[PDB]
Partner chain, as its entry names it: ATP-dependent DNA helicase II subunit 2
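Just the one chain here, the form deposited without its partner chain, laid out as structure tokens.
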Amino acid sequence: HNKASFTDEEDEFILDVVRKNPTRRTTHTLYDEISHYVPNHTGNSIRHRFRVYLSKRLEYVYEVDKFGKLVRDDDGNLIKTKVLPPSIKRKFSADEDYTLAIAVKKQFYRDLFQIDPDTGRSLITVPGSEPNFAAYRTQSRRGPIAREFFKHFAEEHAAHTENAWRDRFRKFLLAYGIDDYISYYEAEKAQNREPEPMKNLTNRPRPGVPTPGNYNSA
């Protein structure tokens, strides 16, 4: 209802906002926010215009600091860069799912047998004999896991957050099976082919709850 053309000025405005909030280039909200200054168009309509009609023209973006604020030079001027900052939601590389599954198995093996996988070597000081990891199978174990496990892990592999790593463990690793993934990962790695991350394991809903990513007129 009442379609409108994107003017030269409106397009230039969109590009400018994206250049000024580059961490948010693939969001939906940013384009919704631009619709405040661009009354004729919707969030959906602005985002599409950019993505399809304008991105091939971006050329540069403006550089931003650690604190997510635009960086300025000595005399107030903004810094042009052909470097895109990281997005808000980072994806899981197979190497990350393996690094997670191993650390969980390590923690578990130490929680269970009270032995150091690698050294092994008792954590208390009874004399087994316990399985020589990777001989161990997680098999139905799902905890307990300390918030400290996730905190130090996220400290070590900062690409993802503590909450990010936990939910990857809960919804992805526990769904696929800790042993199942480690075996799969190693199977591939041996066969000179790069393995793939865990996918499609999300099993969740809702009544109302409108479809996300639809910033329309109504």
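Residue numbers count along the first chain shown, from 1.
Coordinates for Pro127 are absent from at least a third of the other compared entries of this protein that model residues on both sides of it.
In the comparison with other entries of the same protein, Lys189 is left without coordinates in at least one third of those covering both sides of it.
Missing deposited residues between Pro210 and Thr211: none, as the chain runs unbroken there. In this entry, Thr125 and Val126 are separated by 10 or more residues of the deposited sequence that lack coordinates. Note on 146-154 vs 45-53: mean CA B-factor is higher in 146-154. Judged by mean Cα B factor in the deposited record, 184-192 ranks above the other of 184-192 and 168-176. Each of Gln107, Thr119, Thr99, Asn132 has a CA temperature factor in the record; the biggest one is found at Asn132. Ranked against the other modelled residues of its chain, the C-alpha B-factor of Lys89 as given in the entry falls in the middle third. Among the modelled residues of the chain, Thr7 sits in the lowest third by CA temperature factor in this PDB entry. Per-chain ranking of the deposited C-alpha B factor places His28 in the lowest third. Per the PDB record, residue ranking by Cα B-factor puts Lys69 in the middle third of the chain.
Separately, the form deposited with its partner chain bound exists; it is not shown, and the next lines address it.
Contact with its partner chain in the bound PDB entry holds for all three of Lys3, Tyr176 and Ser217, each having a heavy atom within 4.5 Å. For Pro210, a non-hydrogen atom is located within 4.5 Å of its partner chain in the bound PDB entry, even though that partner is not displayed.
At least one heavy atom of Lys199 is located within 4.5 Å of its partner chain in the bound PDB entry.
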